[PDB]
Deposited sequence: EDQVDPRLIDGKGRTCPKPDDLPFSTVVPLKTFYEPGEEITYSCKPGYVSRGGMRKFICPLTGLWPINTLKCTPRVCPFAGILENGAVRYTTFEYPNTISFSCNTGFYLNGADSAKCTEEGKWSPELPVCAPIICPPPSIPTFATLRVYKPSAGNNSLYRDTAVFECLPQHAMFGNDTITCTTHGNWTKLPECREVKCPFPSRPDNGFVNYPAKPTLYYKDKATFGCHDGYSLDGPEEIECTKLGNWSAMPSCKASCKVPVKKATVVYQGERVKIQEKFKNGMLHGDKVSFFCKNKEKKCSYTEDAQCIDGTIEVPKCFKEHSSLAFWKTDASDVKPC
């Protein structure tokens, strides 16, 4: 006692480590502060001898994280980060059009450097595309040397007499390959039958291929129940096969009717008969409630059923009676 003093357990400083660590020390004993790995201090390792007073000195040591080289700028991309100090991770991604050449993330090591090495963004690019069999291509600019860049496109057309299957355009994708490629096959259609009461035309040659046109027509009594022009489709048949159907003679001498939602005189509107499929609504009275309604009738291959309740006058035309 008096001379028999000791030093206490040393203070535990931020991110430090002390050796030898004991609960008390005789005077003359030595301790050694050192920053934890990943950290560093103004001056570094402090060393103290327990003095006779039993009081450890003042400790200048202040330990702070190492800082890895600045890494907040990724040419053509983006770095997510807190700080570039140990032991933080930082992650990377590229702007659109570019791919990441290197690791997606990196850690600041205790050694004070980035692991893995910081990546780089690079242009996504596709190689020259292959021409499918029986095709040419006539949309192709290589925008990157001989190679195409992301979202570039090429477009193929078949040969004459050949039918494409699949979209005609390919795009250079994110992964540096092109989108699904089309196929070009040869397609044949049979000869089209001439229709009863009409005619049909096509060019004078031994067999008929994809996108060949055939045009139809009817004799004066008749009209088509389909399109005037057809073509040879990809599946080896035609667009349609139209018939020549018979017109109807005006079913009555005089009457007002609805034709496509408008009142017309059937004698004026169909003076030269009704075409096949021409539909019309006739006016009939409801005898009981002294009002008027319509019922329909249609030309069907030279026949039109003038509805039962209609009556032809040389009281008034249901036309002129109020609606029900």
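Missing from the model, relative to the deposited sequence, are the ranges 1 to 9, 324 to 328.
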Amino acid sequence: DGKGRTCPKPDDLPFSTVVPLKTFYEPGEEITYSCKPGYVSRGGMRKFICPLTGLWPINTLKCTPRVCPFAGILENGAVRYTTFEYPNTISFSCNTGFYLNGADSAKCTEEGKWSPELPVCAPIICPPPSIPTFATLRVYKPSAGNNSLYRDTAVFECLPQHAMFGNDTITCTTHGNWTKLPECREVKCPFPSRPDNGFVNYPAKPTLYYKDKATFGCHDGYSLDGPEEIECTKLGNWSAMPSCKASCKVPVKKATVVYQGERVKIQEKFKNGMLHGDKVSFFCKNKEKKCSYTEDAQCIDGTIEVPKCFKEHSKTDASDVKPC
From here on, numbers count along this sequence of modelled residues.
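Note that the rigid core is defined as the largest set of C-alphas that superpose within 1.5 Å between two forms.
Here the rigid core sets the fit, and in 6 other deposited structures of this protein the C-alphas of 172 to 180 stray farther than those of the other stretch, out of 89 to 97 and 172 to 180.
The PDB entry reports B-factors from which the mean C-alpha value can be compared for 70 to 78 and 152 to 160; the larger average falls on 152 to 160. Relative to one another, 164 to 172 and 90 to 98 have unequal mean CA B-factors, and 164 to 172 is the one with the higher figure. Comparing the listed residues 207, 247, 197, 83, the entry records the largest Cα B-factor for 207. Residues shown: 47, 285, 263, 36. Highest C-alpha temperature factor in the entry: 285. Residue-level temperature factors show residue 55 in the lowest third of its chain, judged at the C-alpha atom.
Residue 225: CA B factor lies in the middle third for its chain, per the PDB record.
In the deposited entry, the Cα temperature factor of residue 236 places it in the highest third of its chain's modelled residues.
Remark: residue 13 belongs to the middle third of its chain, ranked by C-alpha B-factor as recorded. The deposited CA B-factor of residue 243 belongs to the middle third of values across its chain.
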